[PDB]
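Written out below as structure tokens is the structure these notes cover.
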Amino acid sequence: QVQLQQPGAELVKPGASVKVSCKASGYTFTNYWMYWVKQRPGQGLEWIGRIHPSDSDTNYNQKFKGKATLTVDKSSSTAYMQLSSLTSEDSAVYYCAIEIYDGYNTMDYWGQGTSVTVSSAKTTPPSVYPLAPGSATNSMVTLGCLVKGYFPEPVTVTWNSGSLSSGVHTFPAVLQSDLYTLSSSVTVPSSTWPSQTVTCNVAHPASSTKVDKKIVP
Amino acid sequence: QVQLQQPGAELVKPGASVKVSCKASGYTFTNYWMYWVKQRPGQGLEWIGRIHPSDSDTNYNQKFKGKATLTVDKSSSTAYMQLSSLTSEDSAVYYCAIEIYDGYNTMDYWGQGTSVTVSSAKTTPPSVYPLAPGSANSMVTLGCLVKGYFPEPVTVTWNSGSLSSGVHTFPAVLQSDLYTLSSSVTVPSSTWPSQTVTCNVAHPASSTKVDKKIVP
Amino acid sequence: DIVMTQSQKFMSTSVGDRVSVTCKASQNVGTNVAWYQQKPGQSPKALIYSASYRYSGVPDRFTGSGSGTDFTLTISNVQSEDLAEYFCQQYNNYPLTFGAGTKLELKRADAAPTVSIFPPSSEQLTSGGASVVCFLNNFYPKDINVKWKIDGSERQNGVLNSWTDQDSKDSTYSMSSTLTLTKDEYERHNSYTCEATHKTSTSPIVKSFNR
Amino acid sequence: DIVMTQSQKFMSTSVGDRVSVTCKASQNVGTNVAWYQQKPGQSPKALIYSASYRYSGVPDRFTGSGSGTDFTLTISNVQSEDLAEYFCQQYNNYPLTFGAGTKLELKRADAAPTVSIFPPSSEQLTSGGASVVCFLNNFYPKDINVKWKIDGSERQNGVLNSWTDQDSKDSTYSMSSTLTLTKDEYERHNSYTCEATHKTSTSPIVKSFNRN
Amino acid sequence: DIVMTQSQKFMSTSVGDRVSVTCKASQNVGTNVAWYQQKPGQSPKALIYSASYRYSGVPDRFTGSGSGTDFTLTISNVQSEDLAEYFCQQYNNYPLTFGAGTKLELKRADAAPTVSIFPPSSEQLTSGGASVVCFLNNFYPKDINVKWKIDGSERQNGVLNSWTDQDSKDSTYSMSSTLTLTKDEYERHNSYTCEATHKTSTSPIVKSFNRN
């Protein structure tokens with residue numbers, strides 16, 4: 001399977017430098033252009049540049065000529081984008097992507113995107129609090145999960161390790177007092193809860209935090 | 001003349017408190033309601049409350065009950081609004097205002113507004129640089145760069161207000177806890193460089209008044 | 001740089017019907033134009049290359065057209081799963097430049113919210129803080145108002161609100177409102193109420209708890 | 001609280017014509033409605049009280065109407081001086097609540113920008129910094145793009161841009177663009193160029209100076 | 001001076017259950033501590049002396065305990081008649097010092113208020129004044145909001161509000177709201193409304209009269 005693997009997040013002080021990685025596997029790494037695109041939070045897509053891993057040939061957007069440097073490591077099949085002299089305008093999600101035409105079909109492959117956050121604040125893992133209804137009774141029951149006080153973005157919220165998908169609303173995080181907070185709700189049959197365990201799984205890769213919070217009655 | 005006198009700006013640290021003053025003159029201070037309005041940067045108007053200086057009777061917007069306290073000092077004809085436990089959401093311009101109906105006409109009177117900035121940064125006066133055109137038309141454009149100050153606001157005039165037409169004063173931009181704005185004036189070529197053109201810049205938060213001549 | 005101008009920031013249609021995005025290039029780019037679909041929180045997904053050719057996996061509901069400067073992306077039999085932002089892009093000249101994006105909006109009948117209130121968990125109470133959470137799920141239109149009351153007294157401070165995008169299943173909206181207080185401030189009061197105001201009824205939906 | 005809903009965030013017309021901004025009260029407020037005008041950088045000014053009565057000094061061009069929940073402010077013979085944000089307010093019920101504000105815009109013909117460039121002043125060069133300023137004055141419409149080229153090479157780092165509101169005399173817009181460098185980097189190059197791209201010309205308006 | 005610090009300003013229970021209030025002394029007072037009960041509008045009533053001994057006429061439901069610095073007054077089978085503020089006191093050291101006082105509260109089910117409106121009496125109208133009185137009796141919880149409307153316009157001035165303490169019979173609360181105008185203002189309007197917003201109903205309770 002063709003895969004592009006990127007780290008989830010990276011926190012970097014202003015004026016420092018960061019090297020985003022894109023580990024390719026399952027295909028001939030030196031046969032396809034590796035593209036890099038940037039997306040500021042809430043904004044549109046921007047093309048940074050592309051590099052051919054065969055000979056490290058590059059095409060840069062002039063806007064990122066001195067800021068972004070594209071390299072490759074053919075011994076590990078990894079592409080690197082280095083961002084230097086970091087400012088607030090550099091905080092964005094950085095995607096790596098390739099396009100493969102095999103003589104029959106054309107397919108695109110994207111990494112998950114690396115959320116780069118430029119700030120002097122340190123990492124804070126999220127506090128996960130269960131949202132149980134309260135004793136004071138219908139065919140459905142809504143449970144919740146409060147993911148409070150983390151930095152930086154992002155976090156991933158799943159229910160029962162992904163077994164619960166229908167009836168799930170995960171709300172966009174809001175920044176307040178230099179910390180992020182989001183919430184998630186799930187609506188399950190009253191025969192499911194409180195009889196069966198319902199678990200809120202929260203992952204915060206910037207702090208290496210994985211918390212499984214059960215919604216106890 | 002009826003006048004409400006507010007200081008231009010106030011810089012307060014977060015969590016501290018500040019007392020905005022509104023000095024009245026030219027009318028019976030205890031005859032009309034004193035109103036207070038808040039306007040956040042770029043936002044709309046919000047009513048904080050009103051106080052009648054005769055007996056200090058108050059009507060408060062419930063949103064500001066624990067935050068704002070309205071008092072008066074009749075011996076100096078001054079109204080005060082105290083803001084406590086200041087946060088970033090309290091950085092705004094605060095107006096005092098009155099409304100006088102005299103049996104014939106109805107007039108409103110507003111203070112200039114006090115620019116409250118809630119920050120931990122200190123004051124920085126602006127550097128004022130002249131923008132003179134390159135060496136060698138019937139009209140010449142001059143300029144003035146007001147760079148690196150905090151907090152808002154600053155006042156920019158040309159020739160002490162004598163030059164008003166052809167003036168463009170641009171809104172300030174915040175970068176790295178410092179504000180920067182610019183101002184341009186276009187005058188006849190018979191005016192400059194034959195006559196002096198002066199950029200007057202005032203920054204009340206730092207007691208700064210700079211008059212920068214545009215020299216060829 | 002070549003400017004790709006997507007005129008409309010939003011396009012509207014009903015489920016099962018059709019919709020079209022337009023994108024105009026400042027200069028002639030031939031047919032070297034691509035289209036991308038991005039769902040909230042997901043990586044971009046290429047739909048069209050060479051103005052009218054589909055990537056593998058793209059259904060024929062997505063059709064691209066246009067040459068020179070004017071290009072159009074048409075979506076047929078639109079379903080709620082198609083809710084996403086759509087970008088045009090030119091790759092005929094350097095630098096490669098994207099469009100500003102166009103968000104698909106789906107029309108539907110009005111829907112009243114389902115309101116749930118949640119007291120501060122015993123776990124959070126050990127941290128010195130206290131948050132009360134109110135969920136407002138599956139309502140339409142998006143315009144809604146939440147109001148917190150503490151012993152009948154309105155409280156606007158410490159309130160954090162977040163809205164989801166249009167739902168990928170039923171095209172509704174959801175909202176989460178969290179009222180955060182200190183543990184001692186929370187223990188000084190008893191009645192905590194979440195009041196929801198929406199166009200689907202003149203009487204607000206009220207959810208509350210005590211202690 | 002009573003919600004004062006001004007349906008339009010922007011109202012547009014031409015000079016000499018008329019414009020009307022509406023305001024919707026969530027409950028019947030009778031005629032206890034006021035209107036305010038606020039020009040940029042100035043304190044608010046009261047125009048109308050009791051839904052339809054003018055404050056002293058307010059011209060008859062400003063008229064108010066409506067009763068109950070529907071209210072309308074109408075500005076006749078609109079001039080460039082009327083460029084401001086207009087708020088409705090209810091004072092029938094407590095707390096007193098304003099509308100969101102409707103900003104007035106004036107439609108006019110296109111206008112190419114007058115572009116002036118200014119090298120760093122010798123006074124600033126003593127501080128170790130160097131700012132190049134480009135004024136783009138009196139253009140319409142507002143959409144405009146400025147590119148800074150240092151020796152023919154685009155530079156977008158350190159560019160501070162600021163746009164004025166619509167001018168109160170000719171209804172045009174103006175823009176100021178400042179490119180800030182260090183003193184040593186400014187002296188490492190020679191050609192400094194301000195290029196203005198506007199819909200009034202297919203070719204950009206170019207202004208350059210050589211540091212020599 | 002010895003300080004007597006009562007930990008709680010308010011103590012809450014239901015009718016029939018029990019409460020306890022604690023008092024902390026800054027220095028040792030042995031057992032020379034007294035407890036007092038004070039109902040609204042009455043002189044204090046001595047309940048306990050020597051920390052644990054009762055005055056004549058005090059029921060055994062009032063029990064005092066403690067020695068040294070920590071003292072406790074317990075009331076079992078609490079009834080609505082026991083609603084009062086309770087004080088501790090030390091008479092071991094001079095000057096004798098009291099505690100700050102703890103007011104007893106009683107939890108009970110919600111109760112909607114009974115609202116009654118009264119126009120100005122003809123007697124007061126001869127004096128030039130005019131007071132409209134609104135009674136809001138026997139509601140729970142104590143939180144309530146009252147608005148006055150004159151022909152639809154809200155009047156939040158010239159209003160005098162008074163709350164009773166918790167009722168000694170049914171543990172409810174009561175409110176009196178009086179809007180005072182001059183006789184001229186009163187005769188210049190017709191509809192006078194007393195609006196009550198309480199937790200027990202999302203819609204306000206409305207009592208009005210038309211002077212007509």
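Values below: all heavy atoms of this structure, side chains included; hydrogens, waters and symmetry mates excluded. By convention in this document, chain letters (A, B, ...) are assigned in the order of the sequence lines, proteins followed by strands, and residues within each chain are numbered from 1.
Proximity to chain C (any heavy atom under 4.5 Å) is shown, for A:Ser127, by neither the backbone nor the side chain. Heavy atoms of A:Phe64 lying under 4.5 Å from chain C are absent altogether. Neither the backbone nor the side chain of C:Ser122 comes within contact range of chain A; no heavy atom of the residue lies under 4.5 Å from a heavy atom of that chain. A:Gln62 does not touch chain C: none of its heavy atoms, backbone or side chain, sits under 4.5 Å away. Within the 4.5 angstrom heavy-atom criterion, only backbone atoms of C:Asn161 (N, CA, C, O) approach chain A. Proximity to chain C is limited to the side chain of A:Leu146, based on heavy atoms less than 4.5 angstrom apart. Looking at A:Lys63, neither its backbone nor its side chain comes within 4.5 Å of chain C, counting heavy atoms on both sides.
A pairwise comparison of heavy atoms in C:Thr180 and A:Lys148 identifies OG1-NZ, 3.5 Å as the closest pair. The two residues C:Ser121 and A:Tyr129 make their nearest non-hydrogen contact at OG-CB, 3.5 Å. Across all their heavy atoms, A:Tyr95 and C:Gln38 have their closest contact at OH-NE2, 3.5 Å. Taking each heavy atom of C:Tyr49 and A:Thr106 in turn, the nearest pair found is OH-OG1, 3.5 Å. The minimum heavy-atom distance linking C:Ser43 with A:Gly111 is given by the pair CB-O, 3.7 Å. Scanning both residues, A:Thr142 and C:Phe118, for their nearest heavy atoms gives O-CZ, 3.2 Å.
Comparing C:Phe135, C:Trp163, C:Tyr53, C:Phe209 by how many heavy-atom pairs each has under 4.5 Å with chain A, the most go to C:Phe135. Ranked by heavy-atom pairs under 4.5 Å with chain A, the first of C:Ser174, C:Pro44, C:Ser131, C:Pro95 is C:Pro44. Comparing C:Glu85, C:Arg54, C:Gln124 by how many heavy-atom pairs each has under 4.5 Å with chain A, the most go to C:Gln124. Of the residues considered (C:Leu96, C:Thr164, C:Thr114, C:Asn210), C:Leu96 shows the highest number of contacts with chain A, using heavy-atom pairs under 4.5 Å. Across A:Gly113, A:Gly44, A:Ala173, A:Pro133, the residue that shares the most heavy-atom pairs under 4.5 angstrom with chain C is A:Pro133. In terms of heavy-atom pairs under 4.5 Å with chain C, the best-connected choice from A:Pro154, A:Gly134, A:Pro130 is A:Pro130. Between chain C and the residues A:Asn105, A:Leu131, A:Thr187, A:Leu143, the most heavy-atom pairs under 4.5 angstrom are made by A:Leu131.
Within 6.0 Å of CG in A:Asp178 there are 12 or fewer heavy atoms belonging to other residues, nucleotides or ligands. For C:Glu123, the CD atom sits in a packed shell: over 12 heavy atoms of surrounding residues, nucleotides or ligands are nearer than 6.0 Å. The number of heavy-atom neighbours closer than 6.0 Å to CZ of C:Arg61, taken from other residues, nucleotides and ligands shown, is above 12. No more than 12 heavy atoms of other residues, nucleotides or ligands shown are found within 6.0 angstrom of NZ on C:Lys142.
Here the options are C:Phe98, C:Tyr94, C:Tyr91, the test is ring-ring contact (aromatic ring centres under 6.0 Å, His included), and the partner is A:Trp47; only C:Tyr94 passes. Between C:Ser162 and the choices A:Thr181, A:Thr170, A:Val174, the side-chain contact (heavy atoms from CB on, under 4.5 Å) rule is met once, by A:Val174.
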Extract all donor-acceptor atom pairs below 3.5 Å that involve side chains of residues 188-195 of chain A and protein atoms in other chains or at least two apart in sequence.
residue	atom	partner	partner atom	Å
A:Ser190	OG	A:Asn138	O	3.2
A:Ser190	OG	A:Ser139	O	3.2
A:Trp193	NE1	A:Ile215	O	2.7
A:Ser195	OG	A:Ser191	O	2.5
A:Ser195	OG	A:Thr192	O	3.0

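To the nearest 0.5 Å, atoms CG (C:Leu136) and CZ (A:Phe171) are separated by 8.0 Å.
For the salt bridge (charged side-chain N to carboxylate O under 4.0 Å, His left out) test, residues two or more places apart in sequence or in another chain that qualify with C:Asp70 are C:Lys24.
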